[PDB]
2 protein chains.
Amino acid sequence: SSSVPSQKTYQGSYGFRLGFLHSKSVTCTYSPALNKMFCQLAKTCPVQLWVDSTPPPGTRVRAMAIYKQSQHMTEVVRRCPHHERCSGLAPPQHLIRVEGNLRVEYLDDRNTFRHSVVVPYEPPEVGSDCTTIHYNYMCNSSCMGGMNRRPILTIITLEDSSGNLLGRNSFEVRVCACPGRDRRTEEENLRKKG
Amino acid sequence: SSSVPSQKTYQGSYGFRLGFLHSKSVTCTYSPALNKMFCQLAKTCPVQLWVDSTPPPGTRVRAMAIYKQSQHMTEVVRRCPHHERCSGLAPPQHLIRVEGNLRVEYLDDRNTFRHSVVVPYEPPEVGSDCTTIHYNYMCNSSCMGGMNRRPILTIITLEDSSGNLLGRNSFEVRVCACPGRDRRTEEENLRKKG
DNA sequence: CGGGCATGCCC
DNA sequence: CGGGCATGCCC
Ligand SMILES: *C[C@@H]1C(=O)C2CCN1CC2
Ligand SMILES: *C[C@@H]1C(=O)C2CCN1CC2
Ligand SMILES: *C[C@@H]1C(=O)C2CCN1CC2
Ligand SMILES: *C[C@@H]1C(=O)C2CCN1CC2
Ligand SMILES: *C[C@H]1C(=O)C2CCN1CC2
Ligand SMILES: *C[C@H]1C(=O)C2CCN1CC2
Ligand SMILES: [Zn+2]
Ligand SMILES: [Zn+2]
């Protein structure tokens, strides 16, 4: 009955976890202490999928944004009117895109109105321990009429072809002009005032 | 042949001049030194019309915004996509509105695509030396996808019913959250660095 | 590139 | 209300 998707971590029977590459001026950088990705708008944000056990054929990987703060959780995260107007398969209203994938699907939920982007799950290549997806966030966190400075979480779910939830993980995202500066600022704030 | 309207002051045979009331946190304030109005979005910005001689019946008062800097003069000044979407008679794309007037006309030029807003000229009441029009600016100067931090001029023209230009005056506008702060900052910059 | 201005807003 | 943070950007 809820229109707010769960953000509860569920690593599940397949041992599903997210991973991030190690990285002022940088195009993205991930803070383990904050569980937070800092990245630039319309630029590659790699996310690694790690599993202990192999998902069944036909498993799908869904990404969805939700506002982090309780006061905004019920509002659908959308692209701002400016970036919606300056717009391949991604509807211009969608914040999150996937690049480099020929089987991407963009979904608008008939009941909750929430946007999500889905690609097939593929196991890592021989010798690799993870699968990397290239996400793109098409607005800054600050965009007026869109996220409007409100932090979001990205929720990544592993789902089988039948719709069973196999795993769920989430990370906070700040899309900003200066990821390196802002990560250092927030980590210092955590140490000094958190 | 030009699509850029003239901004040249032409006080003309009727002795046409603009006037402004004397005024942090203030909703508007005019700087004589800068010939610049500082005002808040969607709030009253009174402009006084002064003439030495009485215009003929059917005279009209037109207001139009142009970008002040040479690099942007040829671009039409428009409302940003966010404020256009969150919108009486004024088309949502128009930056400048007039409130309190039952004969307001909003014009989109067929050839130059520029927006303007027009009201009839009315002489001052007995004992008064000027006529006041209440303008509203529907975006901040900073609005992304609109003025985008670029200064504008407002051009006020007195035109007879036949289309003759009787007078022209202009003033710079900064639409901003804190007119009093920003006026003091710019006037200090003028004294120290201008 | 990094230093520092910008400017709506602080929940 | 004013002090000062915010955060894309400096032409
Ligand atoms: C955004 C990511 C990173 O974390 C670094 C810098 C750019 N990409 C790949 C490596
Ligand atoms: C998660 C794995 C690794 O450890 C490296 C970088 C990303 N994938 C493939 C090789
Ligand atoms: C915006 C104008 C002014 O200059 C002062 C303050 C509010 N209005 C009327 C007087
Ligand atoms: C321009 C005139 C004045 O001097 C005062 C204020 C505005 N109008 C009417 C009275
Ligand atoms: C973040 C900051 C930088 O380091 C360069 C890119 C964006 N911004 C301006 C220059
Ligand atoms: C300009 C500044 C003020 O003085 C109040 C109104 C807008 N802004 C925040 C509070
Ligand atoms: Zn945006
Ligand atoms: Zn606007």
# chains A, B, ... in the order shown; residues from 1 in each chain; ligands from 1

call {"tool": "select_by_dssp", "arguments": {"residues": "range 14-159 of chain B", "states": "helix (DSSP H, G or I)", "output": "list in words"}}
result
residues 70, 71, 72, 81, 82, 83, 84 and 85 of chain B

call {"tool": "interface_residues", "arguments": {"of": "chain A", "to": "chain D", "cutoff": "9 Å", "atoms": "only C-alpha atoms (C1' of nucleotides)", "output": "mmCIF file with C-alpha atoms, in the first residue's frame"}}
result
data_model
loop_
_atom_site.group_PDB
_atom_site.id
_atom_site.type_symbol
_atom_site.label_atom_id
_atom_site.label_comp_id
_atom_site.auth_asym_id
_atom_site.auth_seq_id
_atom_site.Cartn_x
_atom_site.Cartn_y
_atom_site.Cartn_z
ATOM 1 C CA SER A 142 21.019 21.728 -6.314
ATOM 2 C CA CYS A 176 27.637 18.612 -7.752
ATOM 3 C CA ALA A 177 30.156 20.700 -9.663
ATOM 4 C CA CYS A 178 33.087 19.882 -7.344
#

call {"tool": "residues_around", "arguments": {"residues": "residue 108 in chain A", "least_positions_apart": "3", "cutoff": "12 Å", "atoms": "only C-alpha atoms (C1' of nucleotides)", "output": "CSV table (one decimal) with C-alpha atoms, in the first residue's frame"}}
result
chain,number,residue,atom,x,y,z
A,64,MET,CA,15.7,4.2,-8.4
A,76,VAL,CA,9.0,11.4,-6.6
A,77,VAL,CA,12.6,12.3,-7.6
A,78,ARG,CA,12.5,13.9,-11.1
A,90,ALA,CA,15.7,7.8,-21.6
A,91,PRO,CA,12.6,9.9,-21.1
A,92,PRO,CA,13.6,13.5,-20.4
A,93,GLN,CA,11.9,13.4,-16.9
A,94,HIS,CA,14.2,10.6,-15.6
A,95,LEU,CA,17.1,11.5,-13.4
A,105,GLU,CA,14.6,-0.2,-19.9
A,111,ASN,CA,0.8,3.3,-9.3
A,112,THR,CA,3.6,5.1,-7.5
A,113,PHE,CA,4.7,7.3,-10.5
A,114,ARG,CA,8.3,6.6,-9.6
A,115,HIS,CA,11.0,6.3,-12.2
A,116,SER,CA,13.5,3.5,-12.5
A,117,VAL,CA,16.1,2.2,-15.0
A,118,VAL,CA,16.7,-1.5,-15.4

call {"tool": "residues_near_ligand", "arguments": {"ligand": "ligand 7", "cutoff": "9 Å", "atoms": "only C-alpha atoms (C1' of nucleotides) and all ligand atoms", "output": "list in words"}}
result
residues 41, 78, 79, 80, 81, 82, 83, 84, 95, 138, 139, 140, 141, 142, 143, 144, 145, 146, 147 and 148 of chain A; 144 of chain B

call {"tool": "write_last_selection", "arguments": {"atoms": "N, CA and C atoms", "output": "tab-separated table (two decimals), in the first residue's frame"}}
result
chain	number	residue	atom	x	y	z
A	41	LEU	N	27.17	16.09	-12.96
A	41	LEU	CA	25.98	15.80	-13.75
A	41	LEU	C	26.36	15.34	-15.15
A	78	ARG	N	12.60	13.66	-9.66
A	78	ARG	CA	12.49	13.90	-11.09
A	78	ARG	C	13.57	14.87	-11.55
A	79	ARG	N	13.82	14.84	-12.86
A	79	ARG	CA	14.66	15.86	-13.47
A	79	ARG	C	13.97	17.22	-13.38
A	80	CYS	N	14.79	18.27	-13.26
A	80	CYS	CA	14.26	19.63	-13.18
A	80	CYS	C	13.76	20.09	-14.55
A	81	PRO	N	12.90	21.12	-14.59
A	81	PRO	CA	12.35	21.56	-15.88
A	81	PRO	C	13.41	22.04	-16.87
A	82	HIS	N	14.48	22.68	-16.40
A	82	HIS	CA	15.52	23.15	-17.31
A	82	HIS	C	16.20	21.98	-18.01
A	83	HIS	N	16.68	21.00	-17.25
A	83	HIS	CA	17.39	19.89	-17.89
A	83	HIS	C	16.45	18.98	-18.66
A	84	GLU	N	15.18	18.92	-18.26
A	84	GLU	CA	14.19	18.18	-19.04
A	84	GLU	C	14.01	18.78	-20.43
A	95	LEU	N	15.85	11.09	-13.90
A	95	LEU	CA	17.13	11.54	-13.36
A	95	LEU	C	18.26	10.58	-13.71
A	138	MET	N	21.36	13.15	-14.24
A	138	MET	CA	21.14	14.18	-15.25
A	138	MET	C	20.78	15.55	-14.68
A	139	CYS	N	20.84	15.72	-13.35
A	139	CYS	CA	20.72	17.01	-12.69
A	139	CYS	C	21.70	17.07	-11.54
A	140	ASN	N	22.10	18.28	-11.17
A	140	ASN	CA	22.78	18.49	-9.90
A	140	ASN	C	21.78	18.35	-8.76
A	141	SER	N	22.28	17.95	-7.59
A	141	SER	CA	21.44	17.93	-6.39
A	141	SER	C	20.79	19.28	-6.15
A	142	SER	N	21.47	20.36	-6.55
A	142	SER	CA	21.02	21.73	-6.31
A	142	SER	C	19.95	22.22	-7.28
A	143	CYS	N	19.62	21.48	-8.34
A	143	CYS	CA	18.79	22.03	-9.42
A	143	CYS	C	17.45	22.55	-8.91
A	144	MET	N	17.20	23.83	-9.14
A	144	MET	CA	15.93	24.45	-8.80
A	144	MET	C	14.79	23.77	-9.56
A	145	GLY	N	13.69	23.48	-8.85
A	145	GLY	CA	12.56	22.80	-9.44
A	145	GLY	C	12.74	21.31	-9.60
A	146	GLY	N	13.90	20.78	-9.21
A	146	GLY	CA	14.14	19.36	-9.19
A	146	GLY	C	14.53	18.95	-7.79
A	147	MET	N	15.74	18.41	-7.64
A	147	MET	CA	16.16	17.96	-6.32
A	147	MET	C	16.28	19.12	-5.34
A	148	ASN	N	16.61	20.32	-5.83
A	148	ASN	CA	16.49	21.55	-5.05
A	148	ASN	C	17.27	21.47	-3.74
B	144	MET	N	18.56	29.64	-13.42
B	144	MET	CA	19.14	28.72	-14.39
B	144	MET	C	18.17	28.48	-15.55

call {"tool": "closest_atom_pairs", "arguments": {"of": "chain A", "to": "ligand 2", "cutoff": "6 Å", "atoms": "only C-alpha atoms and all ligand atoms", "output": "Markdown table"}}
result
| residue | atom | partner | partner_atom_place_in_ligand_line | distance |
| --- | --- | --- | --- | --- |
| A:48 | CA | ligand 2 | 1 (C) | 6.0 |
| A:128 | CA | ligand 2 | 9 (C) | 5.1 |
| A:129 | CA | ligand 2 | 2 (C) | 5.1 |
| A:130 | CA | ligand 2 | 1 (C) | 4.0 |

call {"tool": "write_last_selection", "arguments": {"atoms": "N, CA and C atoms", "output": "tab-separated table (two decimals), in the first residue's frame"}}
result
chain	number	residue	atom	x	y	z
A	48	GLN	N	29.72	-0.89	-8.90
A	48	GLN	CA	30.06	-2.30	-8.98
A	48	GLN	C	29.02	-3.14	-8.26
A	128	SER	N	37.19	-11.89	-12.86
A	128	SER	CA	36.67	-10.69	-12.22
A	128	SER	C	35.71	-11.07	-11.10
A	129	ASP	N	35.68	-10.24	-10.06
A	129	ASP	CA	34.83	-10.47	-8.91
A	129	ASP	C	33.59	-9.59	-8.88
A	130	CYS	N	33.42	-8.69	-9.84
A	130	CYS	CA	32.27	-7.79	-9.80
A	130	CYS	C	31.84	-7.39	-11.21
